[PDB]
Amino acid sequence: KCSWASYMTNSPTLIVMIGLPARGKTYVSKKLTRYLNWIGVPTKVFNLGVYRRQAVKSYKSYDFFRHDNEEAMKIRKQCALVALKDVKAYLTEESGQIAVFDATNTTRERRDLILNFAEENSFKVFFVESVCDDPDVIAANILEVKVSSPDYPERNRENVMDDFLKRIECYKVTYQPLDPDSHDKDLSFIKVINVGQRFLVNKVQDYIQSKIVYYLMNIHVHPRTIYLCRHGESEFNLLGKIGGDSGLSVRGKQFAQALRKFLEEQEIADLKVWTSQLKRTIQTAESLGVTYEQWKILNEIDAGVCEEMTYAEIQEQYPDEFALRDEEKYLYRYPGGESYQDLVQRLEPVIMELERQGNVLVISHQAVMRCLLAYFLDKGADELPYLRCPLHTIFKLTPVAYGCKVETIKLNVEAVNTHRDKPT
């Protein structure tokens, strides 16, 4: 029942973040967790800032982060111990597989505490250290996420900036970066340097660490927009037939023309356009006046022996299978075809190239687009096969703060509904 990636995960793993404040640790933690869950590895983030704010519930100044503030250090360490006990419960009672421990973890002593904890429980440990000393990057990071964060009340960014830079200075006093030449030569880790310009990778142990490294080395923080839509309405859509390779209806062609105008009105810089190899997506892109790329792996879910049938026909001919699919829509594999779980695996190179690229429009299909949207919007396997992705609607995805905003844009061309709810 588990995904391929989860099949390749054995002992539970602790991903341990390291770095000074405002180095993207929370951003990376959340994003890596979203990716790992989407590929089928149960993962949870443990944000030590959340624990500490819950414990302290006050607007502390940089004074709280001094290494010689004994009472603050005691509280901060207690928060780490509590979070680690929660990590242990997640990975041993709740069937978690990866815990992402999002804290500064800037001293050898604190990292030894985590390593000893992991050894007590036979967890593997992989560190992700973010290193950046460009003051323009740090200032931008502070303005982007720290000025309007729960650590601070309403007050001008100037004063918040001042306090947060002093906080950073407190951590610099005791910061011991990972050192692969001596102290840390046997630890497994990646240093992400200068916002992904440079990386140092040491002692990758296993499959999941290799995948984590590849992912982290191919993401970026440059602003851009991802657009997702389906092909224009197809002949088979009008007949309720699944799969196939039918062409656009005249109304799907009208949508394609409306999509051309939408793009001609947006003037999105350097927009890449990707389609599948199925005629209905190709014909949609042909109307746009742009060059585009056809990806075989964007083809719609394979319904196997059920290709080109209506749901009514499938239920009549295969009643037990049809009922099984309604009970387990994510995991059910069509005979001779695919499950949504298979489709997620097939789409992983799409996700990776979307991460590498800038502005992209993907013209695909109902099931494919559910999978892609679930990745960007952090939707689990229960929800993924039921996300609503109407024909003739564009989903505009904007990376925003720690996640992704979604706006739906319905173009003014009607279409049949192809969304089948789970019965009763």
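Numbering starts at 1 and follows the sequence shown.
- A summary of the deposited B-factors shows that, of 12 to 20 and 401 to 409, the stretch with the larger mean C-alpha value is 401 to 409.
- Comparing the deposited coordinates for 266 to 274 and 341 to 349, the stretch with the larger average C-alpha B-factor is 266 to 274.
- Per the PDB entry, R155 shows the highest C-alpha temperature factor of the residues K241, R155, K203, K191.
- For the set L165, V131, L331, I208, the maximum C-alpha B-factor listed in the entry falls on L165.
- Ranked against the other modelled residues of its chain, the C-alpha B-factor of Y386 as given in the entry falls in the middle third.
- Ranked by Cα temperature factor within the chain, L228 sits in the lowest third according to the deposited record.
- Looking at the C-alpha B-factors along this chain, the one for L48 belongs to the middle third.
- Among all modelled residues in its chain, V41 ranks in the middle third by Cα B-factor.
- Compared with the other modelled residues of the chain, the Cα B-factor recorded for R76 ranks in the highest third.
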